[PDB]
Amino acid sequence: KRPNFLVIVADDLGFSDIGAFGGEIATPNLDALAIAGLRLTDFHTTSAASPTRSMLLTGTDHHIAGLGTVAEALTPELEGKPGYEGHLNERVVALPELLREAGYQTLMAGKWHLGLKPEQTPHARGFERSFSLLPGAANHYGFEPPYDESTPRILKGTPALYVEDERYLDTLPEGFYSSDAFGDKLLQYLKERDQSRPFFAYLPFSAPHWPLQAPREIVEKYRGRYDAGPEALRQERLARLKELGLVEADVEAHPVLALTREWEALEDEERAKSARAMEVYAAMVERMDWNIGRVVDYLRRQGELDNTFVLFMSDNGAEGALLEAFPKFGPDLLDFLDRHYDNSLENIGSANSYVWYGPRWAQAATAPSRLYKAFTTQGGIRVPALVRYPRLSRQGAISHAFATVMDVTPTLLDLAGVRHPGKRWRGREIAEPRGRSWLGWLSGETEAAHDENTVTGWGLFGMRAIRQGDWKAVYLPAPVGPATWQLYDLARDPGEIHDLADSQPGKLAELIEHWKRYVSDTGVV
């Protein structure tokens, strides 16, 4: 009997935020799935939202699938390059397109980020029912600033732009909050389904992405929890990750890098507003979890949960960006926020606040990894992941087997009994997956879907990484790194701390060869 699929994606969720991944945040629904299922510690996305999402729905690399760089950063020197179209292109077929022709009902509620135009929406790319925020982010409550020439570029590119199927929405309902609206819509779609056939349900939240906003009654639950700051938090998370066996007891955490003032150097007002941002974030995660519970509990009561392959992942590392630090997100973002929002302590988290938590809170969640979102180090690309499907033998454990987002499409086609069509689909040439199906591994037949010779590449925002087995080389340009290849043995040094470039030039050499083939195979510019 063919399984259902429930693929749930958090937006900028960090590695140890969820209870079953070492966190203090209340996530009882996700915990129950994770502990019963398989937690992954070596599962990888890309370093940003739309690249990852392009891969998750294709089984190939973002440079092929249309998100060679993020759309919001395309220049005229890249526009025209194949795979840099700025949206999911027609050089790929998506997973829902393939399941839909094989009898699955394809259902989505959440953030898309794969295209703004009609012919690029979920309805156009294989979803029969969809309720979607098309851009990368937006106000969770739908409160919009004035849009004119003087509006910061980062706000202009994040309107609350929603579609349902083919209808671009004029207005949002009363009481709209993103995670609740997504929960509501996917539950509706599930209740209205044809019960004699399986479904592919896609639940990409916009939480916990900035602006950090959540229901006050949930924020209140975290009052005072983060008063000790982000370095005290990082220590609690590291200890708990070791206690749970998610990281080995000897692991050396990468040092925290930040241009901001450390907690103890902050004035009391500043501290209070930063802790409140973290209390808000925690509420965002809890309320996402609560909506997940609504979906999952419905399926359970229907007797469908055990027949549903449930995959949860974040889409990249925790978000450490200072949005004020990027002039191109302006002109003056902070002044505009100061004149149009209220970020006073007591308003933070509500519709007319606009905050992000910054590098220090972000690195508490990525530890022991190096850095955070938009870096090709482990901090930006190693994300929490779980699989709950009791029809698979490998459940109840923590697995450190290498995996990536590109493995999802081939795994789900496999379970559906559906063959990838090859190099041609709907009269056009298409790419075949670069990932590998997880079926043998999760069946207990092999110990991993990949091996010591597997080669995987990353490149975005000028950064690079190239990995074979557990050897990884990384390239961070100025001002963020030495603008040279650094080499790491991930099996001994997960924090990417000890550069082996000089002591293992032969291994670096080979990885640089692999990197050239990566660029060549996928069209990296």
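Numbers follow the displayed sequence, beginning with 1.
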Mean Cα B-factor check, 423-431 vs 277-285, entry values; winner is 423-431
The stretch whose C-alpha atoms carry the larger average B-factor in the entry, 117-125 or 73-81, is 73-81
When the entry's CA B-factors for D407, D227, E174, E304 are compared, the highest one belongs to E174
Top Cα B-factor in this entry, restricted to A20, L13, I25, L508, sits on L508
Of the three thirds of the chain ranked by Cα temperature factor, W485 occupies the highest
Among the modelled residues of its chain, the C-alpha B-factor of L500 falls in the third labelled highest
So, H44's CA B-factor, relative to its chain, sits in which third? The lowest
Of the three thirds of Cα B-factor ranks in this chain, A34 occupies the lowest
Entry-reported C-alpha B-factor of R467 relative to its chain, by third, is middle
